[PDB]
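Peer 1: If you scroll down you'll find the structure; I have some questions about it.
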Amino acid sequence: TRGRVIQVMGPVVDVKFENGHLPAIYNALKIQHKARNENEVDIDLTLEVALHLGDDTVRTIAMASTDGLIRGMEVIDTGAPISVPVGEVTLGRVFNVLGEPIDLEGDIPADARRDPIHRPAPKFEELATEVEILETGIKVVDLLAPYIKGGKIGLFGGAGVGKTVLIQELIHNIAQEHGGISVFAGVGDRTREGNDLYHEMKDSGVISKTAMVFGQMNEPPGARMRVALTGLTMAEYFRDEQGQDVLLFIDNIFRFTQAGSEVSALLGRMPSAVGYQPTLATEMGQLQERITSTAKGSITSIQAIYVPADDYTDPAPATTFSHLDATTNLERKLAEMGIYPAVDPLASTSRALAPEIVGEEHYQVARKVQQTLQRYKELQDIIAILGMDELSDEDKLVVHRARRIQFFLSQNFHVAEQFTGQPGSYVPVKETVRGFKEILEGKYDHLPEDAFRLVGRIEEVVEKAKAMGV
Amino acid sequence: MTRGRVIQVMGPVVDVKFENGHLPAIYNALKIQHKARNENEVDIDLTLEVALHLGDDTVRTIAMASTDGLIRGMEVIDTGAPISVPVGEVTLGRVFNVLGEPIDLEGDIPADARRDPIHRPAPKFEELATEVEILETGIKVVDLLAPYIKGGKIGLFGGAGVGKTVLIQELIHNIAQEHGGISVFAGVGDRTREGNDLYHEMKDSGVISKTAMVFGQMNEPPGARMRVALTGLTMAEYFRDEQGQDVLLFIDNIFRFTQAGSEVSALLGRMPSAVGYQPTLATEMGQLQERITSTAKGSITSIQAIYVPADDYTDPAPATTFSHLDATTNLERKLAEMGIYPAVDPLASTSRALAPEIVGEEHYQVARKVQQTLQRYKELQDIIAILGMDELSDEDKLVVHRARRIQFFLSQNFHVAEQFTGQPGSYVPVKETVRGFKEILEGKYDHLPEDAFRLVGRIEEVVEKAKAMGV
Amino acid sequence: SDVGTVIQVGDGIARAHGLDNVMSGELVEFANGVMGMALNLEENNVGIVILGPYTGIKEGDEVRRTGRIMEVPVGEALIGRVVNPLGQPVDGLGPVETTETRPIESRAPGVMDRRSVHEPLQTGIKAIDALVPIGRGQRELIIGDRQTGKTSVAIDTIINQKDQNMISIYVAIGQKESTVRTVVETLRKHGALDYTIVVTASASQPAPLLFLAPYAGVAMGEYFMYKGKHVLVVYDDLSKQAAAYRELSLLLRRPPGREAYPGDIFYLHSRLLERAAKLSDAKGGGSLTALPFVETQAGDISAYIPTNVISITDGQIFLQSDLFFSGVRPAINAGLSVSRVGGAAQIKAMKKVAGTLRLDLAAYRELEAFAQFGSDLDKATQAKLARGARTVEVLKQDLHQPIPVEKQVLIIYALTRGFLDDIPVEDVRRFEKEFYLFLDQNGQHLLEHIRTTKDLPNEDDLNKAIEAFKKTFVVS
Ligand SMILES: Nc1ncnc2c1ncn2[C@@H]1O[C@H](COP(=O)(O)OP(=O)(O)OP(=O)(O)O)[C@@H](O)[C@H]1O
Ligand SMILES: Nc1ncnc2c1ncn2[C@@H]1O[C@H](COP(=O)(O)OP(=O)(O)OP(=O)(O)O)[C@@H](O)[C@H]1O
Ligand SMILES: Nc1ncnc2c1ncn2[C@@H]1O[C@H](COP(=O)(O)OP(=O)(O)O)[C@@H](O)[C@H]1O
Ligand SMILES: [Mg+2]
Ligand SMILES: [Mg+2]
Ligand SMILES: [Mg+2]
């Protein structure tokens, strides 16, 4: 009971299994062939099943390029979904979508258990709703949009704003804070960044308690689509057996939505909206709903999103926005201003900025900060085109402190070691919230604004000025 | 058995069923001769061009004249070759239909004449030449901002009603008298009125002796409209190769070739593209345009017009043909409504001949500095609509001041205009053009009223108008 | 068996019966003698895109199977010639002795094999080399409207590679064949054509030859990179390649998508654009930087081809038509152009001056966007508006006159440190002209230290040099 290939149309293939032996949907298939003659080409290729057709035939998608496929090749049926090896063995390694290790360190044995990629989501009975503030050590995120365990978190931006630099600073700070497993998925990631990140994590020695999944842009669209679910199935083993908080990072899900749109067009369905497939909310929900806090522990996730043209009504961002618990917006104007990670104080929102979850002082502090920056945002054009001396002395006070606040949300970073070389550091929550209480009190208003860039404490700001001698 | 039968008709398209082993090649031609056998039928002589095979010996064909009357089981003959045009010395002074038969009442072409295929491969990279120099033509804007190229493709782009044919007629009045070379004028998508008006214009000036002409018309079925462009080009090709004279080619409207393809493609049976066009837009349009080339053997200069389907240039058929043209003129409706003629877009006119080597430094500096003032004037038009003129200062006041005058002084009284309006026309030398626009940019004549600069030839004529208005 | 009969011949495509053992992307040869690239292996008939002229083929003809797969000729012999994507000479000058052949389609280098991009690709274009830097191995889009400056920037790149080793290539897709001739003679006149290959597919060519042109160009580039020499590939318009794919797929009856582009387009371009690399010292230290171009329709954005390519490439340059007609040349918008690799690629001297220049120009871009309409502003803003206006005027440049990096850093340094306040905005393009002559009449040691050290000279002597020139130069 092995199938035979009967059409090829690029990524799509058709296989005519003998009836009585048809695979399920989302099942997996192997081609291994060695060429009989000189003209032929040796092939090792896997396919996934995507819908059934009229008689015996099944319509499938290919995870490696179909070049060299004859008609009438034998297809092996695995009888199961794409199976990913799960265990502690995967700590430190880099994998492809099918679970083979890309790095040359070694090969996972056949004897180990492997878990299916596709599994039903958490039920209504099993789910729970704990609330705890996740101390990330990033001065904007901890002050103005506090992250929470158990939940989907979102980073929205254009291109080249800091999304990957920031995701690296997260992975490093969490590896210092806890020996909690991390899984990183580069879904449709440029093969260049994969080299940068693998060597940065090997050279800072952060990789001992992490795993990595990659699918590059030069992969078929189906292989770009299924890479996020491999990362899910790995993080799910660590929660269910080890029972501890296991972060899942996804490098950009915009490529994932587009890979689904291209697969639907190859399957011959009819577009909608700006050409996205019909089943946009379904597929994305299927992914996003597994990220949860059931009774064993957590799988809190931090994801980044490309917003094509600074208009957020495009289907992929708009469909994503409902699922996310807390979202911070990255704007290129601040990144080019050289204050980092570029996150807008006014446009960032979270569920967790309420006194019952975060804390009484934290609520009063954050709302004073945002009111100060909002009053600065409406005062700059008068400052530009009337004389700056015309601003009232109370508004002049709001100006002076808004300058300091805007700079002191910048922070010196371990990931800057590659780009600029400086050491950086980590800030616990208490020191962020107190330092901003120091900023808002105003006794330190004598120290100059230039000092406040790229620092981790108000004592560091005193030191930098001290070098300047202030 | 080389005779066939029509099996299906579908308008312009017809489907023949030749017996096995005698299928014609693509682009061959087929003849219909049918005796009107009974009191019900209509006699016809029609010829068909093969455009696809479709298996089981069927071939799909485009008719070259209206299909009213055809019957299932009626016979079709095979010529054996492409639509064959009679060419040589005797062509000059004659007017042909698309098939190569004369319609001019003068007579019929001797049967001994060599007749040639219309479909042949384009000239190769080793054969071309690039020695580039100005086709100086006296049209004030085209002599300044987008100088036309001797031996180069020239393009006129505009919407319906903006002024393309008046510009072509001024070009024939200025160039075709002095060129000293064979001119071919082909009408594709042409009004029959303009065809008669031209034939009388050419006889009244005697110019008809050297030139030859091919016509199709708006009332023709699409296949004829497509294959007129190719029949005209085959004539110009023979004269520049065998005789070696410089040749001038005019095509009246080349968009109608692509549109006729759009009509007949969906019936042929191939899926739409970006706005209903056939799939093979750029390959077949490029195939035609890559033949019209100035090899070393002898130069062609060719002046074309393209109707933008609406006032939208982002449409596929204008978009594919903007690449192929060395010098392009954009005619825009908004200027024409202001009464500025010819309505030439100063900012969007592009030509390879602009380059300090080709025009010289004095002429270059002026083309760019004039485009710079008009582009700043577009920016000021918005802010003056909010704040008013009273709020601008210095460099913004003088741009609106000089951009009005320059925008009017690019308008000229054509020698062909004397029928639409009582006026006499002009011819302006390049030197008077470059001095004139320099003098306006310097501001020597800033005191003259902006009314005076409209529809004028030289700055001396503007001073004379302004004197009569009381300066 | 492996001989088959043709049963359609329309439109530049065919269909055939038989050919049981056929493979996707195989070559099959017609009785006429031209050959085709099998591209849909459907249930009972093979789709066969036809290379060369198709007019001779008729139904009932026979196709034989070549057994080979698509391969390109490669050697040192090609350098200095103009060649067809199938590999034939089209320039005169006779045949080329290509020692061996490489496949058109093959796997790219893995994630481990590459290294970080750390050495520059100096272009000579002041606004790029300062504000949007390129490093060897980087892939960067230039996207703009028609007649804005895509090919002039490409040619300035190929012309500047005389001074630093680069086996550059240039691929022309769909072009008017007389424009290709004007380009080739421009490369010959500037003395630059003997270290580069030019590949031409003209507009007349049948559809598959437009489609396969960048795949064969990169197949030529990567051989030199495997030897270990730096390489540069330029694709003169990728959008025309995408259109050739659309027309080819629509004739093959494949389910369409947005616009009508077939759904495979993003994969097809990623197969092209991810072969570019910077191989490790274990693999030889080579490079293959690539510069694709896309022509956008009317300032269109968020369209299908531009968003695909903008997602793939590690940076993008956006050219503006309304900038060009306002006198900035080559027109480059600093606001919308980004380089993810930037900062690392630059020389250390450039890193100091170009980093601050980005800050200055971003700050004035916003202040001018609103406050220029009002006549009079705050003093500090009138100063920042003056510095921005001088910055854009000092970044204007001529055509086919690359400026060496040594004299770029010295003009940008003169700009940022504010030595140009005394001089008027109109006179600056003459301040540059008279200064670079002075800098070759005096200051050769400064340039020599920068040439090999990559390092900014001592600030005392640099200021002494600029102050002396400001004694010589005469203000209008
Ligand atoms: N130089 C000119 N001087 C005066 N009037 C002009 C001039 N050019 C064009 N016109 C006027 O504008 C119109 C131009 O008519 P024309 O035959 O050029 O239309 P068209 O653009 O050729 O149409 P189509 O695209 O269908 O061929 C007429 O009303 C004509 O009188
Ligand atoms: N740096 C420059 N300074 C002045 N003019 C320039 C410059 N670069 C290009 N140009 C001008 O650009 C025009 C042609 O542009 P170019 O030859 O680059 O075509 P393009 O804009 O790339 O469009 P296409 O891709 O269709 O060729 C000419 O007028 C040329 O002088
Ligand atoms: N702290 C920092 N110091 C210096 N440069 C930085 C810093 N953060 C970001 N950058 C620069 O900005 C770039 C941002 O690009 P990135 O967000 O990594 O792109 P992508 O998200 O597409 O991978 C970095 O590659 C680097 O060049
Ligand atoms: Mg990224
Ligand atoms: Mg007309
Ligand atoms: Mg070009």
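Letters A, B, ... go to the chains of the structure tokens in the order shown; residues in each chain start at 1; ligands are counted from 1 in the same order.
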Could you please extract the residues within 9 Å of ligand 6, counting only C-alpha atoms and all ligand atoms, and hand them back as an MDAnalysis selection string?

Peer 2: (chainID B and resid 323) or (chainID C and resid 146:147 149:152 172:173 175 179 236:237 293 295)

Peer 1: So which bits of range 173-246 of chain B end up strand (DSSP E) when you DSSP the backbone, as a PyMOL selection string?

Peer 2: chain B and resi 183-190+212-217

Peer 1: Please indicate the distance in Å from CA of residue 454 in chain C to CA of residue 333 in chain C, rounded to one decimal place.

Peer 2: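 So the answer is 27.6 Å.
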
Peer 1: Have a look at C:69, C:130, C:225, C:93 and name the one nearest to chain B; count only C-alpha atoms.

Peer 2: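 Checking each candidate against chain B, we get C:93 as the closest.
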
Peer 1: From the list A:306, A:413, A:452, A:124, which residue is nearest chain C when using only C-alpha atoms?

Peer 2: A:306

Peer 1: Using only C-alpha atoms, I'd like every residue of chain B that has an atom within 6 Å of chain C; please write them out as a ChimeraX atom specification.

Peer 2: /B:26,52-55,126,273-274,279-280,286-287,290,324,372

Peer 1: List the spatial neighbours of residue 404 in chain B as a list in words - criterion: any atom at most 9 Å away, only C-alpha atoms, same-chain residues fewer than 6 positions off excluded.

Peer 2: residues 374, 377 and 450 of chain B

Peer 1: Please identify every polymer residue within 9 Å of ligand 4, using only C-alpha atoms and all ligand atoms, and present the set as a list in words.

Peer 2: residues 159, 160, 162, 163, 164, 165, 186, 189, 190, 193, 251, 252, 304 and 306 of chain A

Peer 1: Taking the DSSP secondary structure from the backbone, can you list the residues of range 151-398 of chain B that are helix (DSSP H, G or I), as number ranges by chain?

Peer 2: B: 164-176, 192-204, 207-209, 222-243, 255-268, 281-291, 316-321, 333-337, 356-359, 361-387, 389-391, 395-398

Peer 1: When you count only C-alpha atoms and all ligand atoms, which of these residues is closest to ligand 3: A:64, A:342, A:148, A:161?

Peer 2: A:161

Peer 1: Using only C-alpha atoms and all ligand atoms, find each residue with an atom at most 7 Å away from ligand 5 and format the answer as a PDB file with N, CA, C and O atoms, in the first residue's frame.

Peer 2:
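The resulting part.pdb:
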```pdb
ATOM      1  N   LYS B 164      -3.276  64.853 -30.666  1.00  0.00           N
ATOM      2  CA  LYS B 164      -2.241  64.020 -31.286  1.00  0.00           C
ATOM      3  C   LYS B 164      -2.147  64.141 -32.807  1.00  0.00           C
ATOM      4  O   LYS B 164      -1.060  64.360 -33.350  1.00  0.00           O
ATOM      5  N   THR B 165      -3.272  64.023 -33.509  1.00  0.00           N
ATOM      6  CA  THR B 165      -3.284  64.128 -34.969  1.00  0.00           C
ATOM      7  C   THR B 165      -2.924  65.519 -35.484  1.00  0.00           C
ATOM      8  O   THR B 165      -2.249  65.637 -36.507  1.00  0.00           O
ATOM      9  N   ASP B 190      -8.089  54.461 -37.550  1.00  0.00           N
ATOM     10  CA  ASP B 190      -8.086  55.789 -38.145  1.00  0.00           C
ATOM     11  C   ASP B 190      -9.495  56.192 -38.568  1.00  0.00           C
ATOM     12  O   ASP B 190     -10.235  55.383 -39.133  1.00  0.00           O
ATOM     13  N   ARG B 191      -9.862  57.448 -38.297  1.00  0.00           N
ATOM     14  CA  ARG B 191     -11.080  58.026 -38.860  1.00  0.00           C
ATOM     15  C   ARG B 191     -10.994  58.193 -40.377  1.00  0.00           C
ATOM     16  O   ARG B 191      -9.992  58.689 -40.896  1.00  0.00           O
ATOM     17  N   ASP B 252      -0.725  55.784 -37.385  1.00  0.00           N
ATOM     18  CA  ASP B 252      -1.698  56.770 -36.916  1.00  0.00           C
ATOM     19  C   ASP B 252      -2.153  56.544 -35.478  1.00  0.00           C
ATOM     20  O   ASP B 252      -2.239  57.497 -34.698  1.00  0.00           O
TER      21      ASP B 252
END
```

Peer 1: Could you list the residues in chain A lying within 8 Å of chain C, using only C-alpha atoms, and format the result as a PyMOL selection string?

Peer 2: chain A and resi 6-10+39-40+66-71+103+160+190-192+194-196+217-221+262-263+265-266+268+271+274-275+308-309+336-338+383-388+419

Peer 1: Would you save the residues from that selection as a compact mmCIF listing (two decimals), in the first residue's frame, using N, CA and C atoms?

Peer 2:
```txt
# COMPACT_ATOMS: atom_id res chain seq x y z
N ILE A 6 0.80 11.42 -9.71
CA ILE A 6 0.05 11.50 -10.96
C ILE A 6 -0.03 12.90 -11.57
N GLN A 7 0.23 13.98 -10.85
CA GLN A 7 0.44 15.31 -11.43
C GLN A 7 1.51 16.06 -10.67
N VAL A 8 2.16 17.01 -11.35
CA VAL A 8 3.02 17.98 -10.68
C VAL A 8 2.77 19.36 -11.26
N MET A 9 2.63 20.35 -10.38
CA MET A 9 2.29 21.71 -10.78
C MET A 9 3.05 22.72 -9.93
N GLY A 10 4.35 22.50 -9.79
CA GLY A 10 5.14 23.24 -8.83
C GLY A 10 5.10 22.64 -7.45
N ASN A 39 20.17 9.71 -16.65
CA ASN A 39 19.38 10.91 -16.85
C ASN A 39 18.64 11.34 -15.59
N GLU A 40 18.22 10.38 -14.77
CA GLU A 40 17.40 10.67 -13.60
C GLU A 40 18.19 11.25 -12.42
N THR A 66 10.13 20.24 -6.08
CA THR A 66 9.64 19.12 -6.88
C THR A 66 10.44 18.87 -8.16
N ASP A 67 11.54 19.58 -8.37
CA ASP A 67 12.42 19.34 -9.51
C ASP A 67 12.93 17.91 -9.57
N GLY A 68 12.82 17.30 -10.75
CA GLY A 68 13.20 15.91 -10.91
C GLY A 68 12.14 14.88 -10.62
N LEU A 69 10.94 15.29 -10.23
CA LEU A 69 9.89 14.31 -9.97
C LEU A 69 9.34 13.74 -11.26
N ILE A 70 9.49 12.42 -11.43
CA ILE A 70 8.85 11.67 -12.51
C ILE A 70 7.37 11.53 -12.19
N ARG A 71 6.58 11.09 -13.16
CA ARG A 71 5.21 10.64 -12.95
C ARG A 71 5.19 9.13 -12.80
N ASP A 103 22.04 22.03 12.02
CA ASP A 103 23.43 22.20 12.40
C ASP A 103 24.16 20.86 12.34
N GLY A 160 12.72 47.35 9.70
CA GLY A 160 13.92 47.94 10.28
C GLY A 160 13.65 48.90 11.43
N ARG A 190 15.03 35.26 6.90
CA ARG A 190 16.12 35.43 5.91
C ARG A 190 17.29 34.57 6.37
N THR A 191 17.92 33.81 5.47
CA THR A 191 18.99 32.88 5.92
C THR A 191 20.14 33.68 6.52
N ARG A 192 20.24 34.97 6.20
CA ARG A 192 21.30 35.80 6.81
C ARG A 192 21.08 35.95 8.31
N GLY A 194 19.57 34.12 10.45
CA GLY A 194 19.78 32.84 11.10
C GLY A 194 21.22 32.62 11.47
N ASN A 195 22.14 33.03 10.60
CA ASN A 195 23.56 32.94 10.96
C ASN A 195 23.91 33.91 12.07
N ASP A 196 23.36 35.12 12.02
CA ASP A 196 23.67 36.15 13.01
C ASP A 196 23.23 35.70 14.40
N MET A 217 13.13 31.70 3.76
CA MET A 217 12.32 32.25 2.68
C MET A 217 12.41 31.47 1.38
N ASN A 218 13.58 30.91 1.06
CA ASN A 218 13.73 30.04 -0.10
C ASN A 218 13.07 28.67 0.03
N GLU A 219 12.33 28.39 1.12
CA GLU A 219 11.55 27.17 1.23
C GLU A 219 10.21 27.31 0.51
N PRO A 220 9.63 26.20 0.06
CA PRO A 220 8.25 26.22 -0.43
C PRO A 220 7.30 26.86 0.56
N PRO A 221 6.16 27.35 0.09
CA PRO A 221 5.22 28.02 1.00
C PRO A 221 4.64 27.14 2.11
N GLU A 262 -0.83 31.97 -0.31
CA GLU A 262 -0.22 31.31 -1.47
C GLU A 262 -0.59 29.83 -1.57
N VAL A 263 -0.62 29.11 -0.45
CA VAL A 263 -1.08 27.72 -0.48
C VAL A 263 -2.55 27.62 -0.91
N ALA A 265 -4.17 29.66 -2.90
CA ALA A 265 -4.22 29.94 -4.34
C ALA A 265 -3.70 28.75 -5.15
N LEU A 266 -2.65 28.09 -4.68
CA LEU A 266 -2.20 26.84 -5.31
C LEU A 266 -3.24 25.74 -5.24
N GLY A 268 -6.38 26.29 -5.38
CA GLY A 268 -7.46 26.68 -6.28
C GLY A 268 -8.73 27.21 -5.67
N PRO A 271 -9.89 34.01 -3.70
CA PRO A 271 -9.47 35.05 -2.75
C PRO A 271 -10.58 35.89 -2.16
N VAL A 274 -7.98 41.79 0.51
CA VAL A 274 -6.83 42.10 -0.33
C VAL A 274 -6.14 40.80 -0.72
N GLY A 275 -6.93 39.85 -1.23
CA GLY A 275 -6.39 38.61 -1.76
C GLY A 275 -6.05 37.53 -0.76
N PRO A 308 2.36 46.49 6.76
CA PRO A 308 2.95 46.78 5.45
C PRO A 308 3.24 48.25 5.18
N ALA A 309 2.32 49.16 5.45
CA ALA A 309 2.49 50.51 4.93
C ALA A 309 1.99 51.55 5.92
N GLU A 336 15.04 56.03 14.05
CA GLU A 336 15.94 56.98 13.40
C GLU A 336 16.36 58.11 14.33
N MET A 337 15.50 58.52 15.27
CA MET A 337 15.97 59.43 16.31
C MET A 337 17.04 58.81 17.21
N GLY A 338 17.30 57.51 17.11
CA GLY A 338 18.38 56.89 17.87
C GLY A 338 18.10 56.62 19.33
N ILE A 383 6.17 75.26 20.09
CA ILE A 383 7.59 75.46 20.37
C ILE A 383 8.38 75.72 19.09
N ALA A 384 8.02 75.04 18.00
CA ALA A 384 8.72 75.22 16.74
C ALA A 384 8.46 76.58 16.10
N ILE A 385 7.24 77.11 16.15
CA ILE A 385 6.90 78.21 15.27
C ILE A 385 6.51 79.48 16.02
N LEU A 386 6.13 79.41 17.29
CA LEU A 386 6.22 80.58 18.14
C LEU A 386 7.57 80.57 18.86
N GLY A 387 7.92 81.70 19.49
CA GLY A 387 9.12 81.68 20.30
C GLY A 387 9.00 80.74 21.48
N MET A 388 10.04 79.92 21.70
CA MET A 388 10.04 78.96 22.79
C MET A 388 9.94 79.61 24.17
N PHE A 419 26.54 45.55 17.54
CA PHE A 419 26.45 46.75 16.71
C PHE A 419 27.31 47.90 17.23
```

Peer 1: Rounded to one decimal place, report the CA of residue 240 in chain B-CA of residue 295 in chain B distance in Å.

Peer 2: 9.0 Å

Peer 1: Within 8 Å of range 415-426 of chain B, counting only C-alpha atoms, which residues qualify if same-chain residues fewer than 2 places away don't, as a PyMOL selection string?

Peer 2: chain B and resi 166+169-170+173+412-413+428+457

Peer 1: Next, the residues of the selection above should be written as a PDB file, in the first residue's frame with N, CA, C and O atoms.

Peer 2:
```
ATOM      1  N   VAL B 166      -3.328  66.582 -34.803  1.00  0.00           N
ATOM      2  CA  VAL B 166      -2.860  67.919 -35.181  1.00  0.00           C
ATOM      3  C   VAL B 166      -1.342  68.041 -35.074  1.00  0.00           C
ATOM      4  O   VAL B 166      -0.683  68.625 -35.947  1.00  0.00           O
ATOM      5  N   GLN B 169       0.182  66.140 -38.017  1.00  0.00           N
ATOM      6  CA  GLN B 169       0.053  66.933 -39.241  1.00  0.00           C
ATOM      7  C   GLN B 169       1.015  68.125 -39.285  1.00  0.00           C
ATOM      8  O   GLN B 169       1.564  68.438 -40.345  1.00  0.00           O
ATOM      9  N   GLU B 170       1.266  68.781 -38.152  1.00  0.00           N
ATOM     10  CA  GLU B 170       2.353  69.761 -38.081  1.00  0.00           C
ATOM     11  C   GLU B 170       3.733  69.135 -38.317  1.00  0.00           C
ATOM     12  O   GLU B 170       4.579  69.727 -38.997  1.00  0.00           O
ATOM     13  N   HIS B 173       3.975  68.570 -42.036  1.00  0.00           N
ATOM     14  CA  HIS B 173       4.176  69.878 -42.660  1.00  0.00           C
ATOM     15  C   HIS B 173       5.593  70.419 -42.474  1.00  0.00           C
ATOM     16  O   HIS B 173       6.096  71.131 -43.353  1.00  0.00           O
ATOM     17  N   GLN B 412       2.068  77.415 -29.021  1.00  0.00           N
ATOM     18  CA  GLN B 412       2.431  77.900 -30.353  1.00  0.00           C
ATOM     19  C   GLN B 412       1.304  77.697 -31.365  1.00  0.00           C
ATOM     20  O   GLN B 412       0.610  76.680 -31.341  1.00  0.00           O
ATOM     21  N   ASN B 413       1.152  78.680 -32.262  1.00  0.00           N
ATOM     22  CA  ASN B 413       0.254  78.628 -33.423  1.00  0.00           C
ATOM     23  C   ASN B 413       0.786  77.734 -34.542  1.00  0.00           C
ATOM     24  O   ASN B 413       1.696  78.129 -35.278  1.00  0.00           O
ATOM     25  N   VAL B 428       9.816  78.084 -35.599  1.00  0.00           N
ATOM     26  CA  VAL B 428      10.785  78.670 -34.670  1.00  0.00           C
ATOM     27  C   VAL B 428      12.094  77.882 -34.667  1.00  0.00           C
ATOM     28  O   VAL B 428      12.094  76.680 -34.361  1.00  0.00           O
ATOM     29  N   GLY B 457       4.997  82.798 -31.357  1.00  0.00           N
ATOM     30  CA  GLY B 457       6.187  82.168 -31.911  1.00  0.00           C
ATOM     31  C   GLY B 457       7.512  82.565 -31.274  1.00  0.00           C
ATOM     32  O   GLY B 457       8.322  81.693 -30.944  1.00  0.00           O
TER      33      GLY B 457
END
```

Peer 1: Applying 8 Å and only C-alpha atoms, which residues near residue 277 in chain A remain after dropping the ones on its own chain fewer than 6 positions away? List them as a PyMOL selection string.

Peer 2: chain A and resi 260-261+264-265+269-271

Peer 1: Which residue out of C:45, C:186, C:88, C:5 has the minimum interatomic distance to ligand 2 when only C-alpha atoms and all ligand atoms are used?

Peer 2: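 Checking each of C:45, C:186, C:88, C:5 against ligand 2, counting only C-alpha atoms and all ligand atoms, the winner is C:186.
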
Peer 1: Can you tell me how far CA of residue 96 in chain A sits from CA of residue 258 in chain A, in Å to one decimal?

Peer 2: 19.6 Å

Peer 1: Find the spatial neighbours of residue 428 in chain C, counting only C-alpha atoms, within a cut-off of 12 Å - ignore same-chain residues fewer than 2 positions away - and output them as number ranges by chain.

Peer 2: C: 389-397, 411, 414-415, 419-426, 430-435, 473-476

Peer 1: Hey, which bits of chain B sit within 12 Å of ligand 2, and for each residue what's the closest pair of atoms and how far apart in Å (one decimal), counting only C-alpha atoms and all ligand atoms, rows by chain and increasing number, as a Markdown table?

Peer 2:
```
| residue | atom | partner | partner_atom_place_in_ligand_line | distance |
| --- | --- | --- | --- | --- |
| B:145 | CA | ligand 2 | 29 (O) | 10.6 |
| B:146 | CA | ligand 2 | 29 (O) | 9.9 |
| B:147 | CA | ligand 2 | 29 (O) | 11.5 |
| B:319 | CA | ligand 2 | 26 (O) | 11.3 |
| B:320 | CA | ligand 2 | 26 (O) | 11.2 |
| B:321 | CA | ligand 2 | 26 (O) | 11.1 |
| B:322 | CA | ligand 2 | 26 (O) | 8.4 |
| B:323 | CA | ligand 2 | 26 (O) | 6.0 |
| B:324 | CA | ligand 2 | 26 (O) | 9.0 |
| B:325 | CA | ligand 2 | 26 (O) | 9.9 |
| B:326 | CA | ligand 2 | 26 (O) | 10.0 |
| B:327 | CA | ligand 2 | 29 (O) | 10.9 |
| B:328 | CA | ligand 2 | 26 (O) | 12.0 |
| B:348 | CA | ligand 2 | 29 (O) | 11.6 |
| B:349 | CA | ligand 2 | 29 (O) | 10.4 |
| B:350 | CA | ligand 2 | 29 (O) | 7.3 |
| B:351 | CA | ligand 2 | 29 (O) | 7.1 |
| B:352 | CA | ligand 2 | 28 (C) | 6.3 |
| B:353 | CA | ligand 2 | 29 (O) | 8.1 |
| B:354 | CA | ligand 2 | 29 (O) | 5.8 |
| B:355 | CA | ligand 2 | 31 (O) | 5.6 |
| B:356 | CA | ligand 2 | 31 (O) | 8.3 |
| B:357 | CA | ligand 2 | 31 (O) | 10.2 |
| B:358 | CA | ligand 2 | 31 (O) | 10.7 |
| B:359 | CA | ligand 2 | 31 (O) | 11.5 |
| B:364 | CA | ligand 2 | 31 (O) | 9.7 |
| B:365 | CA | ligand 2 | 4 (C) | 10.9 |
| B:367 | CA | ligand 2 | 29 (O) | 10.3 |
| B:368 | CA | ligand 2 | 5 (N) | 9.2 |
| B:371 | CA | ligand 2 | 29 (O) | 11.9 |
```
